[PDB]
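A single chain, nothing else alongside it, follows as structure tokens in the form deposited in one PDB entry.
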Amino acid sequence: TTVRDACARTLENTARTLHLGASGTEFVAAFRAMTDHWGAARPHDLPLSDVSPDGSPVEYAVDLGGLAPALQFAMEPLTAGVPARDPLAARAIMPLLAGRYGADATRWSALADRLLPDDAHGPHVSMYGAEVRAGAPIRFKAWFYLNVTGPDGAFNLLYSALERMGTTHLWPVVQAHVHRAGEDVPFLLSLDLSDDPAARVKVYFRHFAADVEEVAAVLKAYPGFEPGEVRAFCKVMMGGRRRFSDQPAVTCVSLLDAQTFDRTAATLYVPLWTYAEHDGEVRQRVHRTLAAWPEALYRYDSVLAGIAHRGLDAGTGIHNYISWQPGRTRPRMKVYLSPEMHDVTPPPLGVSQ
């Protein structure tokens, strides 16, 4: 079975489980269009991907709280038998989306010569993805790697991206997000490939060797990130650990000209495959953190069952991340899951890194 056919089946089943209706059908078609370029590749025919830590080139993400269900995937453009840092596939997928779906390429085009270079220093140069909510149009996204000119270039490359978008006046937002210089580091730049006012430019940061208190101190700048609640969530999802000792915590911030009190300015991502014995333990932690919301846990259990393909206690690697954002009355959480086309229990930073 090709990678594209196997993941399309899982994605369609997940959409059906979520009752996405016709929106789900269109979403599967978009996934197939974006992964056509993988060709006839089976899993071993593609280079190891950064998308999931086991090297799988797809990640599924499910909103757990939303009244209307909302499904997302991320993937890596890859050429069968070519190293992942080769930029051909990433350069081809933007015009594909622009032409087939009207996706906005104007920010992408302002950046692509710098962020998708011929000879990238890092092993990966892009991810792309899509998100759909029932009854609403699909929204596409691109992620660029801020290490493509070398790890020590991440801030300079980000700043140069703001130069090209005319948004250097937003640098103070980046600067303020860094609390521990050298350990709070930007590593991805994401573009919503839409031309409307809701479209966001987001910077993702790693927080290396961070205590839960330091992660909460980063996030308290943003509306609704009460530090006590952030610390408690991290601790539950870490099984009581207080420090991100190997795999870094991740945050992202939207770069905006003003505060936004819909509480969409920032997100917390807790990595799940290095701080537990196996995915059964992770599932128990999810049941603990979402105890107050049985509808969310029923949705989570159902989606996990459609994506896992072995006993949860065999190792880690099915759960990649859980994300957390404050809401009006309750937190907004999503789970990020791997199809595990390769080996159980990936190492910190993933097999490709």
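Shifts are known only where both forms have a C-alpha. Residue numbers here begin at 1 and follow the sequence given. Definition used throughout: the rigid core is the maximal C-alpha set that superposes within 1.5 Å between two forms.
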property: Of 36 to 44 and 52 to 60, the one with larger mean CA B-factor; result: 36 to 44
property: Given 298 to 306 and 64 to 72, the range whose Cα B-factors average higher in the PDB entry; result: 64 to 72
property: Candidate residues 97, 158, 265, 250, the one whose C-alpha B factor the record puts highest; result: 265
property: Largest Cα B-factor, entry values, listed residues 260, 167, 175, 147; result: 260
property: Ranked C-alpha temperature factor of residue 254 among modelled chain residues, by third; result: middle
property: Third of the chain's Cα B-factor distribution that residue 287 belongs to, per the entry; result: middle
property: Cα B factor band for residue 241 (lowest, middle or highest third within the chain); result: highest
property: Residue 214 - Cα temperature factor, lowest/middle/highest third of chain; result: middle
property: Residue 340 - Cα temperature factor, lowest/middle/highest third of chain; result: middle
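Beyond the structure shown, there is the form deposited in another entry, which is absent from this document and is the topic of what follows.
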{"item": "Entry of 195, 257, 246, 226 that shows, once the rigid core is matched between the shown form and the other one, a C-alpha shift of 2 Å or more", "value": "257"}
{"item": "Sense of the change in Cα distance from residue 257 to residue 267 in the other form - at least 3 Å versus the shown form", "value": "closer"}
{"item": "Closer or farther in the other form, the Cα atoms of residue 224 and residue 258, when the shift from this form is 3 Å or more", "value": "closer"}
{"item": "Superposed on the rigid core, segments between the shown form and the other one of at least 3 residues with Cα shifts of 2 Å or more", "value": "257 to 264, 343 to 349"}
